Amino acid sequence: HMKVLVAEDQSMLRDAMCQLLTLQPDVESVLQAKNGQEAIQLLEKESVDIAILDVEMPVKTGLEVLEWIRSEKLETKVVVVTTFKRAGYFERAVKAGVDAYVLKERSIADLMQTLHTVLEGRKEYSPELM
Amino acid sequence: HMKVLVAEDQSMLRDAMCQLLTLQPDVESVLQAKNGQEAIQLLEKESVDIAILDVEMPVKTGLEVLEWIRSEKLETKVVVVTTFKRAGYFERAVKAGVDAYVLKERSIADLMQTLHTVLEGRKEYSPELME
Ligand SMILES: [Mg+2]
Ligand SMILES: [Mg+2]
């Protein structure tokens, strides 16, 4: 069922995730964006159930895209991914009602857990990032 | 199914919440503690699925009771409740492996989600209390 958007600037990273997702039985389609600006462009014309957004992206960060989604009040869960703690990003994301904020390099099994979790209306934070 | 304990020092809030919880079909029964000590005494006697603990209680606080529950390695899920974001609390609750740390003033609908959430081993934290 899920319509997923994946925003990630590092091309290998982006490909690995979109493919792992595309091959999940629970997934219907997976849009791609190289940076924060493409993600917004796509979200301006297309419908998404979950946006998986990396934080450090060129032009628009994942945090800035999250903030736009909320300002535009879209029916979209937002899963922000990151690798480094290195933040104030947490407060900022939590202040933006991010549906989850989790490690980027986790198992596709773990990512699907997150995806369902936010679909059902709950939230998930990778402790390491707290 | 749920065997619940509620520890709340304000007597009208304790009756309100306990009566509301009892009217829920998912909730089986609710023990009741007027402070942190009554809570522990009750915890070491009866089985309890989830304890809903006020933080600001006389004698022993919610946080103390949480720490005791863990030092006993009880198989109880802990929901801590409060109204004030008080420096140091969220952390201390989270280092003790609290299952939820949420606002007291919420719908029973909301509270029930919290209850289910912690049974399934997940976490919930009210944003207004995170730090
Ligand atoms: Mg990046
Ligand atoms: Mg109190």
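All chains are named by letter (A, B, ...) in the order of the sequence lines, taking the proteins before the strands, and each is independently numbered beginning at 1.
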Run the side-chain hydrogen bond (donor to acceptor under 3.5 Å, both in side chains) check on A/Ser71 and A/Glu67 step by step: do they pass?
CA-CA 6 Å; A/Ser71 80; A/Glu67 286 153 2; over 6 Å; no
Start with the C-alpha distance between A/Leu31 and A/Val6, add both sets of side-chain angles, then the distance that settles side-chain contact (heavy atoms from CB on, under 4.5 Å), and finish with yes or no.
CA-CA 6 Å; A/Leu31 304 151; A/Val6 175; over 6 Å; no
Is there a side-chain contact (heavy atoms from CB on, under 4.5 Å) between A/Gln32 and A/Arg14? Walk through the geometry before answering.
CA-CA 8 Å; A/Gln32 304 191 11; A/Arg14 189 168 74 252; 3.6 Å; yes
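Distance check, rounded to the nearest 0.5 Å: CD1 of B/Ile52 to OG1 of B/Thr114 gives 8.0 Å. Here OG of A/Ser11 is found 8.5 Å from NZ of A/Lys34. Values are rounded to the nearest 0.5 Å. B/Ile69 CD1 to B/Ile40 CD1: the interatomic distance, rounded to the nearest 0.5 Å, is 7.5 Å. Atoms CG and CG, on B/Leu74 and B/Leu66 in that order, are 10.5 Å from each other to the nearest 0.5 Å.
The cluster map of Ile, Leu, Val, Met, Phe, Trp and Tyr, joined by side-chain heavy atoms under 4.5 Å apart, puts B/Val80 and B/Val48 in the same cluster. Linking ILVMFWY residues whenever their side-chain heavy atoms come closer than 4.5 Å, directly or via other members, places A/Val94 and A/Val65 in the same cluster. There is no path of hydrophobic side-chain contacts, each under 4.5 Å, that joins B/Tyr125 to B/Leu115. A/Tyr101 and A/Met17 fall into different hydrophobic clusters, where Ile, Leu, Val, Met, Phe, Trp and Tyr residues are linked whenever their side-chain heavy atoms come under 4.5 Å apart, directly or through other members. Side-chain heavy atoms closer than 4.5 Å link hydrophobic residues (I, L, V, M, F, W, Y) into clusters, and following such links, possibly through other members, connects B/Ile50 to B/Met112.
One finds a salt bridge joining B/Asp54 and B/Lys104 here, because a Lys/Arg side-chain nitrogen approaches an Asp/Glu carboxylate oxygen to under 4.0 Å. The residues B/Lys3 and B/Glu28 are annotated as salt-bridged, a charged nitrogen and a carboxylate oxygen being separated by less than 4.0 angstrom. Salt bridge absent: B/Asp49 and B/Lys77 never bring a charged side-chain N and a carboxylate O closer than 4.0 Å. The pair B/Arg86-B/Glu56 meets the salt-bridge criterion, since a charged nitrogen lies less than 4.0 angstrom from a carboxylate oxygen. For the pair B/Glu120 and A/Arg122, the salt-bridge criterion is met [side-chain N within less than 4.0 Å of a carboxylate O].
Judged purely by atom type and a 3.5 angstrom limit, A/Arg70 uses its side chain to pair as donor or acceptor with the backbone of A/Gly97. A donor-acceptor distance shorter than 3.5 angstrom exists from the side chain of A/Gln24 to the backbone of A/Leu20, with no hydrogens or angles considered. Within the 3.5 Å criterion, the main-chain N or O of A/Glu128 finds a donor-acceptor partner in the side chain of A/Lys85. Side-chain atoms of A/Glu64 come within 3.5 Å of backbone N or O of A/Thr61 as a donor-acceptor pair. Judged by distance alone, with hydrogens and angles left aside, the side-chain atoms of A/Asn35 form a donor-acceptor pair with the main-chain N or O of A/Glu38 at under 3.5 Å. In terms of modelled atom types and a separation under 3.5 Å, the side chain of B/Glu8 and the main chain of B/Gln10 share a donor-acceptor contact. Using modelled atom types, one side-chain atom of B/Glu131 and one backbone atom of B/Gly88 make a donor-acceptor pair closer than 3.5 Å. Not one N or O on the side chain of B/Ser126 forms a donor-acceptor pair closer than 3.5 Å with the backbone of B/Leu129. At least one donor-acceptor pair under 3.5 Å links the side chain of A/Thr22 to the backbone N or O of A/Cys18. Panel note: side chain A/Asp99, backbone A/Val79; no donor-acceptor pair is recorded below 3.5 Å.
Annotation: B/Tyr89 is not in aromatic contact with B/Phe84 [ring centroid separation under 6.0 Å not met].
When all heavy atoms of A/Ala33 and A/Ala39 are compared, the pair lying nearest together is CB-N, 3.4 Å.
You'll find the side chain of B/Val102 reaches within 4.5 Å of the side chain of B/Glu124, heavy atoms only. Contact annotation: the side chain of B/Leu111 approaches that of B/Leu21 to within less than 4.5 Å [non-hydrogen atoms, C-beta and beyond]. No side-chain heavy atom of B/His1 sits less than 4.5 Å from a side-chain heavy atom of B/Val27. Counting heavy atoms from C-beta on, the side chains of B/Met130 and A/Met130 come closer than 4.5 Å. Considering only heavy atoms from C-beta on, B/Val81 stays 4.5 Å or farther from B/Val55 through its side chain. Looking only at side-chain heavy atoms (C-beta outward), A/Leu43 and A/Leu5 come within less than 4.5 Å of each other. No side-chain heavy atom of A/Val98 sits less than 4.5 Å from a side-chain heavy atom of A/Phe90.
When the shell of 6.0 Å around CD of B/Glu46 is examined, it contains more than 12 heavy atoms from other residues, nucleotides or ligands. With a 6.0 Å radius and a threshold of 12 heavy atoms from other residues, nucleotides or ligands, B/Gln41 has its CD atom above the threshold. The 12-atom threshold is exceeded at CD of A/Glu44, counting heavy atoms of other residues, nucleotides or ligands nearer than 6.0 Å. More than 12 heavy atoms of other shown residues, nucleotides or ligands fall within 6.0 angstrom of atom CD in B/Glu72.
Between A/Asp26 and A/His116, the side chains place a donor N or O and an acceptor N or O closer than 3.5 Å (distance only, hydrogens not considered).
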